[PDB]
Amino acid sequence: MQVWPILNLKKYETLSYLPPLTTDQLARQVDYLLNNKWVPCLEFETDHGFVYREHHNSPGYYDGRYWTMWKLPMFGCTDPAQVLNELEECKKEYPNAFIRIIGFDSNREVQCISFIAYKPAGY
Amino acid sequence: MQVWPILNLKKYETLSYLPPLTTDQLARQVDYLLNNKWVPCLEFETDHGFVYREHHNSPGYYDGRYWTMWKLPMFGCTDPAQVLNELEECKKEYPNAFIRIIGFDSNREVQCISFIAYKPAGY
Amino acid sequence: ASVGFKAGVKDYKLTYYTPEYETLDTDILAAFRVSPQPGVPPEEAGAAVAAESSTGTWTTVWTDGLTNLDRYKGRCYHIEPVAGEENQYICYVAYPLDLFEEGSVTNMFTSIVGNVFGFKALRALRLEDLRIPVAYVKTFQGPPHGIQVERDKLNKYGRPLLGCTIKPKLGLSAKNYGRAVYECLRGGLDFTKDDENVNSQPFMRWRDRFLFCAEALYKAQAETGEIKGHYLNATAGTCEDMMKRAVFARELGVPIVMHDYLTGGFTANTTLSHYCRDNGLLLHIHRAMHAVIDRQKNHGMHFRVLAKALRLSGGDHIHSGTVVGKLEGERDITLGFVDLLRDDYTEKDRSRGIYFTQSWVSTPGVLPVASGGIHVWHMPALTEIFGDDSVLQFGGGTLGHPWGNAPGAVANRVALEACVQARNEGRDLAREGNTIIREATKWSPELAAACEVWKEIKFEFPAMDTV
Amino acid sequence: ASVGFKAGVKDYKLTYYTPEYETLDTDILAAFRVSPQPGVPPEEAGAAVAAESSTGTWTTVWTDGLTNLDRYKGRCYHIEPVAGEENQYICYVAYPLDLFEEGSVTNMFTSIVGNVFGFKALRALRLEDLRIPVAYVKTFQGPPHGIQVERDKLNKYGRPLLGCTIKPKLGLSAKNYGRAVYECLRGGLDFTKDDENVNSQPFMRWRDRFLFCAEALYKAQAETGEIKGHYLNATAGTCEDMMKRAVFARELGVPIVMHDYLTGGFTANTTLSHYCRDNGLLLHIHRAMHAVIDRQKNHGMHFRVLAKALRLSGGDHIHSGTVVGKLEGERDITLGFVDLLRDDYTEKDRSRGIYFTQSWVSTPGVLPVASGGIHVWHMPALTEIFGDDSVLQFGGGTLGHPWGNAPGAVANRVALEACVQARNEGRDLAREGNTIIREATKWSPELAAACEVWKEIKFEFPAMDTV
Amino acid sequence: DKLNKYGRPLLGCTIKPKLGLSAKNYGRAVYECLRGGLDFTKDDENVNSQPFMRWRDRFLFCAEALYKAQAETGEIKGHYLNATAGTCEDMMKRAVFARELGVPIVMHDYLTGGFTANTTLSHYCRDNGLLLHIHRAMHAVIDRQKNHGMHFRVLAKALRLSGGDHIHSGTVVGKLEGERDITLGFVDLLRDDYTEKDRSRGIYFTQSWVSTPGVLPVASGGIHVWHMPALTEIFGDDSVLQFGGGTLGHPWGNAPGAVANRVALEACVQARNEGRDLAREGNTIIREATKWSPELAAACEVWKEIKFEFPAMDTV
Amino acid sequence: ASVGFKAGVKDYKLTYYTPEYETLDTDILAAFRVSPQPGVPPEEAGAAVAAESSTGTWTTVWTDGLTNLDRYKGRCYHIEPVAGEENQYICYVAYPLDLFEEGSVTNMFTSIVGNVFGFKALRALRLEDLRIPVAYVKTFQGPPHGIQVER
Ligand SMILES: O=P(O)(O)OC[C@@H](O)[C@H](O)C(O)(O)COP(=O)(O)O
Ligand SMILES: O=P(O)(O)OC[C@@H](O)[C@H](O)C(O)(O)COP(=O)(O)O
Ligand SMILES: O=P(O)(O)OC[C@@H](O)[C@H](O)C(O)(O)COP(=O)(O)O
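Line by line, the protein sequences are chains Y, V, D, F, A and B. Sequential numbering of the first sequence, starting at 173, is according to the numbering used here. Sequential numbering of the second sequence, starting at 173, is according to the numbering used here. Sequential numbering of the third sequence, starting at 130, is according to the numbering used here. Sequential numbering of the fourth sequence, starting at 130, is according to the numbering used here. Sequential numbering of the fifth sequence, starting at 5, is according to the numbering used here. Sequential numbering of the sixth sequence, starting at 47, is according to the numbering used here.
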């Protein structure tokens with residue numbers, strides 16, 4: 173009977189309960205994103221990697237959900253290399269940030285993909 | 173006339189005003205627990221050893237009352253060694269945690285026993 | 130079929146003495162200790178009690194024929210003479226469920242205890258017990274929280290709870306009240322409380338008291354790491370004022386309020402109990418004025434009846450006596466009503482004064498509070514008579530310690546944990562009581578000093594109310 | 130100046146027996162009948178009563194030094210042995226004005242009567258009287274209307290008011306209750322009333338009762354040309370329910386509501402009294418449960434204390450006994466508290482059990498209500514003992530008449546006007562009582578038939594509560 | 005958007021036994037399930053306010069527990085607090101305390117409570133930012149038999165109109181009836197803006213919704229880790245998969261029980277996203293995960309042989 | 047005393063078929079007309095109805111040990127075959143008073159009729175009658191007026 177850990181066990185939504193993604197696996201999720209014709213975009217955050225409540229406590233309000241946008245959504249992108257390329261450029265500019273890849277479905281205006289792609293050391 | 177101390181005098185409910193329990197004394201409380209046919213269970217906490225109020229201030233609400241469960245309640249346990257054994261295993265896995273032994277009375281669904289069994293250094 | 134109407138007065142026994150009656154499970158049953166005047170026979174005395182407390186009057190009225198009196202009348206169904214007493218009987222009366230308003234302890238008492246104690250034909254009358262049927266018990270909310278929930282909210286398990294009444298009763302200012310509160314709480318007591326008569330007075334107005342006590346309780350809680358509480362008294366002159374005080378306690382976020390249920394009243398108490406259930410406040414109940422009604426064995430109402438009435442109306446704690454302290458309370462009779470307050474089922478047992486078997490259909494239990502003239506040397510007896518589910522209060526016993534409140538609290542908290550450890554280890558608190566306390570004095574200078582002060586204080590007098 | 134603090138228990142007499150004290154005009158004074166246990170001397174017994182009902186506890190506490198106890202402590206200032214009794218004294222205690230919350234009868238009782246009756250060191254204790262200082266009397270509203278205003282609103286002058294309790298107590302349906310009400314009212318009675326235990330029950334819910342009784346009272350009023358009223362009972366389980374009932378009575382436009390002040394409580398009663406003052410409703414008060422507290426001469430609280438408490442909390446009528454009926458009530462003691470209820474000033478007079486002189490600073494008077502086992506032959510005694518300012522009620526005495534309610538009412542109204550005319554003419558009701566009634570039977574067939582039925586009914590037994 | 009959850013079905017868990025637990029014990033079981041990776045825990049449909057556990061004590065302890073698990077994991081958590089009650093007044097009282105605690109979601113039994121009370125709560129939830137989970141307790145008394153009653157698709161349409169953010173829609177593969185085609189038919193009527201007539205799925209009329217938002221279908225009832233690939237395949241990302249016995253029945257307790265379900269699901273999402281066929285490689289995907297998840301492994305052992313297969317009463 | 051916890055699914059009849067039970071006067075009793083699927087025996091069909099309408103689920107959970115299930119569980123205490131019908135029985139179930147919210151017909155139905163009619167293991171199910179105990183009847187207001195008052 174194993175006891176599930178308590179310390180240093182922050183998680184990051186979809187796919188963070190699986191073993192770390194190798195670069196092939198990462199590339200495969202971006203392919204899935206592009207194959208479905210969703211628009212990719214990257215977001216990064218250095219200060220508040222996790223949700224918290226500082227300005228309000230009413231139902232549905234949380235601080236820390238919005239991260240900052242890296243450049244612009246890559247409309248018309250079709251080459252996963254282009255996406256992975258931006259990831260590298262962002263990483264080098266913000267080595268201290270959590271970075272995630274999201275994909276928009278403009279038709280339903282819902283993000284159909286969202287997963288952490290890079291985490292600072294210590295995490 | 174002695175003045176009762178103010179600093180570093182946190183307490184931990186039942187039995188914490190008595191001199192530290194020797195291992196015989198500890199074993200005796202676990203016997204009392206088992207003799208009454210209550211179910212033992214261990215709980216540990218590393219972050220908030222004491223009650224506090226962060227998410228609400230209405231009557232009866234306090235944060236820090238729930239600790240995390242070590243394994244599962246030991247239903248059917250009858251040997252105090254089994255309990256003291258888990259204590260050792262938990263201590264070695266969480267040397268930095270406060271750990272306590274509780275005992276359930278399933279009939280009334282009330283904890284009839286609860287006492288701190290291990291404290292991190294500095295405490 | 131509508132026998133005719135014939136004006137005139139006739140014996141109550143003709144209609145209200147029904148020795149063949151089998152009681153229904155929905156009937157409210159009553160055990161009265163009746164002392165008739167010379168020349169008035171038991172059956173008539175009992176029938177007269179059953180009559181005026183339910184449907185009848187002193188002379189025949191024609192309206193009885195518009196209903197079915199057989200189904201509404203209260204009836205004396207059994208009489209048993211009292212051993213060793215002359216001209217004293219225990220008359221049992223059964224009242225049908227349809228006579229009571231649902232959820233109103235006020236209505237139950239207005240019928241059963243309204244006028245019968247003043248009949249010219251009786252010398253004295255005492256209500257000893259009531260069997261409240263489970264169908265009537267369900268129409269009540271009962272305690273706002275009860276024992277289990279209270280321990281769960283305060284995070285306190287495995288030992289009685291310790292409290293302390295600030296003294297002098299009246300006369301302290303609001304800032305001084307809070308100062309005395311902070312010092313008692315930081316020493317290890319779980320609760321401090323307003324004395325029963327502290328409401329709002331020229332020397333200290335309620336809102337100033339509530340405010341300063343909140344600052345003090347929050348300070349002691351931060352210092353010790355244990356949840357603390359201070360009972361804020363909401364007793365007041367009008368329902369409106371009572372609610373005002375409860376509302377500010379809710380706004381401060383404190384865990385417990387208090388009410389004097391008999392001087393305040395059952396109508397006001399039921400309102401506060403419902404409010405407490407709705408707002409998460411624990412409710413402590415004082416029985417101020419009870420001995421005016423329950424002390425004497427020949428006339429009045431026994432405390433067990435008033436304890437049952439409170440569990441129905443609502444309260445999380447209720448003062449229940451100390452047995453060994455300054456106010457009356459015999460051990461067996463006390464253990465009897467303590468069971469009626471905490472348990473779900475208590476079987477008939479005349480040795481403890483319990484005349485009827487009582488079931489509570491899961492109405493939560495009330496925590497009994499031992500308070501009144503007790504001190505450190507009484508700790509083993511108290512832990513032994515009451516057990517873990519009780520609140521032991523020491524007013525003079527904390528504020529009378531030679532070193533002040535904090536050390537006074539440590540003394541009581543150490544004496545109690547010593548008894549709990551000893552008991553849990555197998556020791557006999559009844560026989561090793563003083564050894565356990567004496568042993569603790571070896572490592573607790575605080576306990577030691579208190580032991581010196583009260584070593585010779587005992588309260589032993591013959592009791593007035595015995596089985 | 131701050132004498133030192135020395136822990137330990139010491140005699141209460143050292144601080145609370147103060148025989149040299151001169152009472153202040155703002156002090157609340159109390160006369161207790163104390164019966165100490167063997168070995169406990171009067172001074173200590175009295176000092177102990179004064180101590181626990183005000184500022185002290187069982188052992189010395191250091192906090193006394195933060196205040197000026199001399200100004201807050203209650204004190205036993207005089208002890209007088211009881212003639213013919215052994216080991217029984219009347220101890221007088223004075224309580225400073227600062228100990229009480231303004232306008233709260235609940236707080237006054239919580240201090241003076243809260244815990245002292247249960248001391249192990251006393252055998253029995255009885256509160257006989259209280260001198261309420263005029264400075265404290267002004268903090269109360271008192272009766273919502275009072276005698277003068279009530280007569281003015283109802284347009285009734287020159288004779289006692291007549292009322293009638295519908296019977297059987299419980300069991301009638303709402304339409305039947307209204308039918309019995311209309312018939313009693315049209316015969317000449319001024320009021321009909323719910324019995325004290327009629328609240329809201331399976332057989333008859335309150336709103337249906339209030340509604341049908343309004344139709345009935347309005348019908349009798351139109352038929353006779355005299356203002357009629359029916360006391361609608363607002364007693365209930367919670368303050369909320371009580372107010373709901375009072376509010377519908379206001380909406381129906383009826384003139385009077387009713388409350389059981391002791392089973393309901395002082396806190397709920399003060400709320401209703403204020404509501405009645407604000408909405409023009411007359412308030413009738415029942416003393417249900419009083420004999421559980423005031424019957425025995427050795428323990429309890431006398432009715433005069435509970436009558437004073439009601440005049441302060443508020444009520445326009447209060448049941449005060451009949452003297453000659455089925456429930457206890459001695460003539461002299463009764464005339465004593467009837468004066469305390471109606472007059473503005475009553476001088477000390479031990480022959481009637483009045484221990485202190487009482488002033489009311491114009492707090493309106495309360496109308497005493499004689500009810501309980503009385504009938505037409507008692508009319509002269511009742512008119513003679515009580516006078517014009519009273520309400521005489523006949524429940525069985527109206528509904529038990531052989532010809533029904535209307536003729537039953539005429540019987541009582543004719544018997545009363547006969548006594549009023551005779552008295553006003555100079556006749557002596559005490560000596561010519563039966564002649565006056567007998568003379569009326571010659572021209573009132575209704576009175577005649579009632580006389581036949583109750584000619585031999587008397588209620589004569591020794592009294593338990595005597596001066 | 006409010007919960008910040010995208011790219012996979014949502015995971016929930018019903019606390020058990022249905023009735024009988026005390027308020028402090030309910031919160032203890034809630035904290036443990038949430039910290040293991042489940043997004044939501046919930047009151048069972050019949051947990052309202054009862055002698056063993058009164059509602060206000062439950063709401064209060066569950067709030068402490070959910071806030072603790074949220075701080076530990078870094079993911080937004082929710083616990084559906086049941087507002088179903090006997091009168092409209094009592095229902096509103098419960099919704100109001102949920103709003104005061106700041107929790108994100110309440111729950112209502114729309115058929116036993118009623119449409120009139122449900123519409124009132126739905127409006128209140130819109131006005132106060134509360135998500136509303138709907139239970140269909142009592143539906144099979146009306147929709148089971150093919151010859152008499154009302155089909156569930158009609159009751160599902162009625163709920164999307166009256167109001168609810170989630171609605172129980174069956175599991176197909178679990179302990180309660182639900183055929184695949186008919187289920188996929190009303191799941192489309194619940195989530196999409198337009199569904200064309202299609203008798204093969206029991207849809208008799210073409211239905212348009214003029215942008216009325218979609219309702220999230222909730223699969224709950226006798227499902228476990230081995231059903232994960234079928235569930236992800238039948239329902240897709242927009243669904244809530246609930247495991248009551250499937251979490252509280254894990255041999256190591258609630259936290260490990262939650263990890264088991266969260267790992268099994270992310271494994272299926274990754275596999276699907278990579279191109280694998282969940283229908284054919286279902287068991288391989290789960291089996292592969294057991295190699296690195298001791299938690300999943302233990303659950304697989306317990307339920308390996310549990311299936312619920314009986315003929316259906318309601319067919320096209 | 048806390049028998050151990052053993053994960054895994056077991057027959058409902060082991061805990062919920064209690065033919066020896068004497069019903070209490072505070073119990074809500076139910077008469078269900080059950081039609082089981084072929085291969086599912088009456089006792090299990092009835093036990094399954096009693097189980098899901100009160101305290102149990104499809105597999106063993108450890109939390110049962112934190113309470114006293116014996117006092118909360120609903121239980122199938124009697125089964126009687128239906129005359130002239132094949133594979134149809136009347137199963138009687140008793141539910142303890144503590145399972146219901148006072149004054150809420152909504153809660154009574156959510157338990158007794160909430161999910162059981164949709165079990166894959168049953169073909170059809172019908173609730174024929176309920177014995178509402180007088181202790182539960184008193185928690186309701188009932189008709190606003192009733193026959194007598196209305197007339
Ligand atoms: O508990 P009851 O019998 O109702 O009696 C009431 C007493 O408890 C009372 O509250 C007290 O003030 O006298 C206790 O003070 P102390 O702790 O200093 O003795
Ligand atoms: O007035 P108290 O002494 O309080 O006593 C109360 C009685 O008056 C009581 O209300 C009564 O119902 O018994 C009177 O009925 P009846 O008129 O038929 O005798
Ligand atoms: O979803 P429906 O078909 O309405 O059916 C309702 C079920 O989901 C029901 O809520 C449950 O309690 O039985 C699920 O528990 P478990 O997860 O332990 O199986």
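Heads up, the beta-carbon is just placed ideally off N, CA and C, and yes, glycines get one too.
Neighbour list for residue i in chain D, Cβ cutoff strictly below 7 angstroms
{"i": "A/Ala268", "result": "Per Cβ cutoff of 7 angstroms: no residues; A/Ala268 is ~34 angstroms from chain D at best."}
{"i": "V/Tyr234", "result": "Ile356"}
Inter-residue CB distance, residue i and residue j (contact presumed, cutoff 8 angstroms)
{"i": "F/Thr186", "j": "D/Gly525", "result": "4 angstroms"}
{"i": "D/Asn534", "j": "D/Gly317", "result": "Not confirmed; about 11 angstroms, so no contact."}
{"i": "F/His419", "j": "F/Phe432", "result": "6 angstroms"}
CB contact below 8 angstroms: residue i versus chain A
{"i": "residue 297 of chain Y", "result": "An answer regarding residue 297 of chain Y cannot be provided, because it is not within the stretch 173 to 295 covered by chain Y."}
{"i": "D/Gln277", "result": "yes"}
{"i": "B/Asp110", "result": "yes"}
Proximal chain A residues relative to residue i, where beta-carbon distance stays under 9 angstroms
{"i": "V/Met241", "result": "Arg32, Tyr35, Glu36, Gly257, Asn258 and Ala259"}
Closer than 8 angstroms to chain V by CB, residue i
{"i": "B/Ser100", "result": "no"}
{"i": "B/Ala53", "result": "no"}
{"i": "B/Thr113", "result": "yes"}
Check: residue i C-beta below 7 angstroms from any heavy atom of ligand 3
{"i": "A/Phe247", "result": "yes"}
{"i": "B/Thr61", "result": "no"}
{"i": "A/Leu180", "result": "yes"}
8 angstroms Cβ cutoff, residue i in contact with chain D
{"i": "V/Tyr266", "result": "no"}
Cβ-heavy atom distance, residue i to ligand 1, below 7 angstroms
{"i": "D/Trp583", "result": "no"}
Within-8 angstroms CB hit, residue i to chain B
{"i": "A/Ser53", "result": "yes"}
Test: residue i CB closer than 8 angstroms to a CB of chain F
{"i": "D/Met508", "result": "no"}
Under 8 angstroms from the C-beta of residue i: neighbouring residues of chain V
{"i": "B/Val49", "result": "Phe247 and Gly248"}
Partners in chain B for residue i, counting only beta-carbon separations shorter than 9 angstroms
{"i": "D/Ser491", "result": "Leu143 and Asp144"}
Cutoff 8 angstroms: residue i Cβ touching any chain Y Cβ
{"i": "V/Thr194", "result": "no"}
* Whole beta strand (DSSP E) runs in the stretch 112 to 166 of chain A with 3 or more residues, listed along the chain? -> 135 to 139
* **In chain order, each alpha helix (DSSP H) run of at least 4 residues that lies wholly inside the stretch 93 to 123 of chain B** => 115 to 118
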